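Take a look at the structure below.
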Amino acid sequence: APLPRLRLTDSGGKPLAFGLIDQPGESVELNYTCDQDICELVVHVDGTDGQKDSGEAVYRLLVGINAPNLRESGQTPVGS
Amino acid sequence: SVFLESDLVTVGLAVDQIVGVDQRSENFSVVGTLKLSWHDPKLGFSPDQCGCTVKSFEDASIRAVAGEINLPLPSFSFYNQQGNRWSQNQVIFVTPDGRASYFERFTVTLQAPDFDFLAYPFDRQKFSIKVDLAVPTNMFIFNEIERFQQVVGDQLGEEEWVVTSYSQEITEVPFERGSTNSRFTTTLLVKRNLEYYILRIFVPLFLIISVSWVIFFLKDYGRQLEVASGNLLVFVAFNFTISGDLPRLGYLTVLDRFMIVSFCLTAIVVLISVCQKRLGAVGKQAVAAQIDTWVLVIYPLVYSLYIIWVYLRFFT
Amino acid sequence: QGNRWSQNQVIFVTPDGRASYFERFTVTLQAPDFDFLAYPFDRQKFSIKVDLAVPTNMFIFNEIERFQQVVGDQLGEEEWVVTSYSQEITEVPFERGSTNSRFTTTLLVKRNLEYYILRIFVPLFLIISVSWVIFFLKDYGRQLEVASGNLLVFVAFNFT
Ligand SMILES: CCCCCCCCCCCCCC
Ligand SMILES: CCCCCCCCCCCCCC
Ligand SMILES: CCCCCCCCCC
Ligand SMILES: CCCCCCCCCC
Ligand SMILES: CCCCCCCCCC
Ligand SMILES: CCCCCCCC
Ligand SMILES: CCCCCCCC
Ligand SMILES: CCCCCCCC
Ligand SMILES: CCCCCCCC
Ligand SMILES: CCCCCCCC
């Protein structure tokens, strides 16, 4: 399946971060840090590059909080 | 544009089901869906007010909501509505731009004096649905039609009324306190199921008429009289048996006229039969034979001429 | 009688104080004056009476406006045919004394006579003729049998 676009916005839609395509172009990653007292985040994944009816494309999404080793987690999903 | 302009409204309507028709009172009832869309920066909005991208109002009319936010909105009405309207899934929702839209699923009864049943059962009618804006044309105007569904939707099984074609149109009409308002009209052209009436009424009638026609070949005039008398009672019995498919409107249709003519001819058969019996009694059998030949030639010509006359005077 | 259904109800006013009211209505009205003795040849009046709810020294109907045709035309036939109409202002006694204004519209109506004539009277006449003609016969058994059959035919038509 073709690589979709990734971005991060708050609850109102204000953009905060955008996804970077790695040199081994098989994944897209994102990173952010908290400054405000309370931050509510929304993760956007979209593949509407054009109007192609590709069909049943399926992707794997991995997310983590205070987990910089997301590339090689090894442990099963912990915490919450 | 130095001159401040008007607001443009997009509108759409779809019919799910015709649920009834009152031919005496002249009204019909219908189930359907209504959709309105427009854009107004005074409805603008800042997301940090709620942390949200969509503001909405539920189970309220456009008039009610206008009275809460104290800004003018495109309120409407159904022009021919009789009594109250049942509504479901009623909602208004708005974006930070001010792009707004309204949705309703409705069941409503509409007056229709344009109905005309003279040609019954061969009659054809129009079911028209009219939506009027309740505000002047310089404030809001219907500008575009949206086809969000099939305008008339399909349903399993048969229907009493068959839609032959439809259309949808925007016009403008005069308004109280002057000026003009926009109108959106949907019209369905409809006819009845003809096979039902044909097979249920006309073939048995034709056989009954044939029964009174064929008896004139007999030369025993007592048997002819008795069979004529019995056939008249059979005719009356069948007429009151089909009386359920005979609407009581207070004026004559094609079918009532045909029934009256048939009854009159059936009774004249009995009268001629009594005359021929007397003639045979007195010993003038030749005159009775000649009357038999005349009746056998004449009666189908009379029926055919009456049918031609009815066709000329009611269908052209 | 009971509630009234109303549409397009509005009041509007100008800086002078010139004001006006509009309503589209559907309403059911009691009418004991009806008299059906002559049916179907009967004739009736449909009268609509509008009364002011305030004393005549406060407000009084003073002029009649013909903003449309008083009785409007419609496609197809009607059961009741309007032969003539009229409209009039009068004054009538009021609770807590004095008097109030009244505006009356009356329609004079008749039935569609051809319907009843063709549907009832001609077949009746033929049935009566059938029982009349049989007395020319001299075979009284046939006459008896035909009379007996014609009576049943008459009853069948009556209940039809
Ligand atoms: C009236 C019912 C229809 C019966 C068919 C009539 C067809 C015309 C035939 C004419 C025959 C005349 C023979 C003397
Ligand atoms: C009763 C049904 C009407 C039939 C017509 C009667 C007309 C009067 C004719 C009188 C004839 C008397 C012959 C002895
Ligand atoms: C109203 C029908 C009149 C029919 C008269 C019949 C004359 C028969 C005498 C033999
Ligand atoms: C259903 C109507 C039938 C009427 C009589 C037909 C007579 C035809 C003679 C040719
Ligand atoms: C459109 C069909 C025309 C009908 C003309 C004949 C009617 C006969 C009397 C029922
Ligand atoms: C509903 C069928 C239309 C008319 C068909 C004629 C067949 C008798
Ligand atoms: C066999 C019955 C013929 C009926 C013809 C009249 C209806 C069109
Ligand atoms: C138009 C209805 C006429 C009724 C009687 C006809 C007798 C042949
Ligand atoms: C509705 C018609 C009035 C009476 C006409 C008489 C014709 C039989
Ligand atoms: C006025 C109705 C009675 C006359 C009927 C004559 C039938 C041909």
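Ideal geometry is used to build each Cβ from the backbone, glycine not excepted, and the neighbour counts take in all protein chains shown. Throughout, read-outs are computed from the coordinates displayed, never taken from laboratory work.
Taking B:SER262 as the residue in question, decide whether it is part of a helix (DSSP H, G or I), within 20 Å of C:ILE128 (Cα to Cα) and either within 13 Å of ligand 1 (Cβ to nearest atom) or in contact with an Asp or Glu (Cβ under 9 Å, 6 or more places away or on another chain) (or both).
On the way: part of a helix (DSSP H, G or I): yes; within 20 Å of C:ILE128 (Cα to Cα): yes; either within 13 Å of ligand 1 (Cβ to nearest atom) or in contact with an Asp or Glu (Cβ under 9 Å, 6 or more places away or on another chain) (or both): yes.
Against the criterion (part of a helix (DSSP H, G or I), within 20 Å of C:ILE128 (Cα to Cα) and either within 13 Å of ligand 1 (Cβ to nearest atom) or in contact with an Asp or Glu (Cβ under 9 Å, 6 or more places away or on another chain) (or both)), B:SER262 qualifies.
In the stretch B:239-258, how many are within 16 Å of ligand 1 (Cβ to nearest atom) and in contact with a helix residue (DSSP H, G or I) (Cβ under 6 Å, 6 or more places away or on another chain)? Show your work before the answer.
Of the residues in the stretch B:239-258, the ones within 16 Å of ligand 1 (Cβ to nearest atom) are B:258.
In the following step, the residues that additionally are in contact with a helix residue (DSSP H, G or I) (Cβ under 6 Å, 6 or more places away or on another chain) were identified as none.
Number satisfying all stated conditions: 0.
From B:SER212, B:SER243, B:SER179, grab the single residue that is of a type in the set (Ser, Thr, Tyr) and within 16 Å of ligand 8 (Cβ to nearest atom).
Values: B:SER243 fails: within 16 Å of ligand 8 (Cβ to nearest atom); B:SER179 fails: within 16 Å of ligand 8 (Cβ to nearest atom).
When all the criteria are applied, what remains is B:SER212.
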Scan of the stretch B:229-247 for residues that are more than 10 Å from chain C (Cβ to nearest Cβ) and within 15 Å of C:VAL130 (Cβ to Cβ), ordered by number: B:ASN231
Residue count, the stretch B:261-292 (criterion: in contact (Cβ under 8 Å) with a residue 60 or more places away in the chain and either within 16 Å of ligand 6 (Cβ to nearest atom) or facing chain C (nearest Cβ under 10 Å) (or both)): 0
Any chance B:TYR197 is of a type in the set (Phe, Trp, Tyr), more than 14 Å from chain C (Cβ to nearest Cβ), within 16 Å of ligand 6 (Cβ to nearest atom) and surrounded by 14 or more Cβ atoms within 10 Å (Cβ to Cβ): yes
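Answer yes if at least one residue in the stretch C:82-94 is within 16 Å of ligand 3 (Cβ to nearest atom) and over 21 Å from the mean Cα position of the chain (by Cα), and no otherwise.
Among the residues of the stretch C:82-94, not one is within 16 Å of ligand 3 (Cβ to nearest atom) and over 21 Å from the mean Cα position of the chain (by Cα), which makes the answer no.
Kindly indicate whether C:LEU118 is surrounded by 14 or more Cβ atoms within 10 Å (Cβ to Cβ), facing chain B (nearest Cβ under 7 Å) and within 16 Å of ligand 5 (Cβ to nearest atom).
On the way: surrounded by 14 or more Cβ atoms within 10 Å (Cβ to Cβ): yes; facing chain B (nearest Cβ under 7 Å): yes; within 16 Å of ligand 5 (Cβ to nearest atom): yes.
Criteria met by C:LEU118.
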Unmet criterion (only one of (1) within 16 Å of ligand 4 (Cβ to nearest atom); (2) within 18 Å of the chain's Cα centre (by Cα)) for B:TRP161: (1)
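Within the stretch C:128-138, how many residues are more than 7 Å from chain B (Cβ to nearest Cβ) and surrounded by 12 or more Cβ atoms within 10 Å (Cβ to Cβ)?
From the stretch C:128-138, those more than 7 Å from chain B (Cβ to nearest Cβ) are C:128, C:131-132, C:135; that's our starting set.
From the residues that got through so far, the ones that are surrounded by 12 or more Cβ atoms within 10 Å (Cβ to Cβ) too are C:128, C:131.
Residues that pass the stated criteria total 2.
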Search result, residues across the stretch B:167-225 that are of a type outside the set (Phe, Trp, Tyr), part of a loop (DSSP other than H, G, I, E, B) and closer than 30 Å to C:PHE67 by Cα: B:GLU176, B:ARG177, B:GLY178, B:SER179
Residue that is farthest from the chain's Cα centre (by Cα) [pool: residues in the stretch B:1-17 that are assigned to a strand (DSSP E or B) and more than 13 Å from B:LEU188 (Cα to Cα)]: B:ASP7
Lone qualifier among B:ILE272, B:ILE215 - being crowded, with 17+ Cβ neighbours inside 10 Å, farther than 26 Å from C:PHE159 by Cβ and within 16 Å of ligand 10 (Cβ to nearest atom): B:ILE272
Residue pairs meeting the criteria (Cβ under 6 Å; at least 6 apart or on separate chains; first within 17 Å of B:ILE208 (Cβ to Cβ), in the stretch B:297-313; second away from ligand 8 (no atom under 11 Å from the Cβ)): B:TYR299/B:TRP213
